[PDB]
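J.: Okay, handing you the structure first.
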Amino acid sequence: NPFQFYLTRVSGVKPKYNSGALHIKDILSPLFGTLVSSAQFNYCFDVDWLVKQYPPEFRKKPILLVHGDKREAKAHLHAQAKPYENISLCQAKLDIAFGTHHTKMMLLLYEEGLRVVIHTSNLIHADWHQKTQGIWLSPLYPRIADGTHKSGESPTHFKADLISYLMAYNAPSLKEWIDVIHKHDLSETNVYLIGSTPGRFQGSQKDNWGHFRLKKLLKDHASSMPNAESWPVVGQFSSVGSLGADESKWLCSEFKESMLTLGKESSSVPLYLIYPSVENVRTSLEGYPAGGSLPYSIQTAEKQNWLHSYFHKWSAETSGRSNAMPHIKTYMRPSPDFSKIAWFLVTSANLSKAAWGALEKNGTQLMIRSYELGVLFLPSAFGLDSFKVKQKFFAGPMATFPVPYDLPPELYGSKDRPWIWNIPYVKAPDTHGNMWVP
Ligand SMILES: O=C(O)c1ccc([N+](=O)[O-])cc1C(=O)O
């Protein structure tokens, strides 16, 4: 396969559904490279657990933790890391209210080169145990010879775009990593970077981030087909923000509009949203505790009951993962019969204005609260018009894309409800025999 898109290992599925999955120990293994230094971008960290995931021989190599925590949370993280002398920390600035450092990324510097990992898991045991999570693995990027002058740039501009993302932090520890990236050849990269950084962007910067970045890429590097109006949009996520009092406020006016873009020319496109039902969570491998990682508060939900008619159940027979709750986030554009897709995105971004950006100032400014990162698979970047959808995620012509959940998505039944994490469920017990009492 040319895509290098993986799922994390799930404890409790049959071995056939973990063959070709990756655990964090696999990613950090010496087989992937001889580790010199690493940066771990994330939201939540268990530092004791994280160090144990590195190979023993690599556990004293420098690690930088890039986080967004403030005040007591920030103190707690420093306390976790203090026992480890080789760990430095970078507090990503969050100057807009209610922003989060949500990006999940590893920069792995080897003796042999550099690798970039953009994924969806927090660095805690439970996120890698029984959840559906996504991983993109860069190629091993070789160093550019000292004295040689070449861009090391890819047809997708990934090297410049990654550096731009890191420059947005304005952080001394990340300039080090920028200089490391400058020294390596990333020309083999066949994915496009889609990042979110906090700020208010107008003019030339509008297209740099969030859903305008996606729109810009789809305009420039995808083609519109006949009956494009019949190609649905699919969004799949583990958290929902406040989207407004009806669909015209954000969901179908700027989010959907960015996502239905194809080609340079100038809606009844179906929109499927996939988000675990209460029954999905109750009968999951983890039981109700899985809902601790599906943050949708009752306060927000009751303001937007209109949204839930878009919701479809989590189902992933194709990867044996129907009972492994999703913490991966994906967005894609399938054909009307779901046999092809025009593109696929894996990202940290949930269904949230904070993550994707919201237009301000009479449509001239895109305001983003958070750090997010994902990678976009476009057929043009692989010499293709479209991707065939892989029949079974773990089965076997290598140019079909491994969609990790079932298509078509199944609408909620009349008695289903979206998982809402801060109300009780005491009607029926979960797979461990427990109720949920927030
Ligand atoms: O696990 C995370 O990284 C995470 C952190 C915060 C929020 N949030 O803001 O509600 C959502 C998530 C999520 O990805 O589900």
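Along the chain as shown, residues are numbered 1 onward.
So this one's X-ray crystallography, 1.9 Å, going by the header.
Cβ coordinates are placed from backbone N, Cα and C, and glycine is handled just like the others.
Copying in the features that Swiss-Prot gives for the protein in this structure:
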ACT_SITE  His102  active site, nucleophile
ACT_SITE  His327  active site, proton donor/acceptor
BINDING   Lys104, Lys329  substrate binding site
REGION    239-242  region 'Interaction with DNA'
SITE      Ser352  site 'Interaction with DNA'
J.: Per DSSP, what is the residue tally for the region 'Interaction with DNA' (239-242) in helix, strand and coil?
T.: 0 helix, 1 strand, 3 coil
J.: Along a straight line, what is the whole-number distance in angstrom from the CA of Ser266 to the CA of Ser267 around the 5 missing residues?
T.: 13
J.: Cα-Cα distance in Å from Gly396 to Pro397, with 3 residues unmodelled between them?
T.: 7
J.: Around the residue listed as 'active site, nucleophile', how many other C-beta atoms are within 10 angstroms of its C-beta?
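T.: Total other Cβ atoms inside 10 Å, all chains included: 27.
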J.: What same-chain residues, at least 6 away in sequence, bring their CB to under 8 Å of the CB of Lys104 (substrate binding site)?
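T.: Once residues fewer than 6 apart are set aside, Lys104 (substrate binding site) is near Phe41, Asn42, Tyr43, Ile118, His119, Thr120, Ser121, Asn122, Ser348, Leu373.
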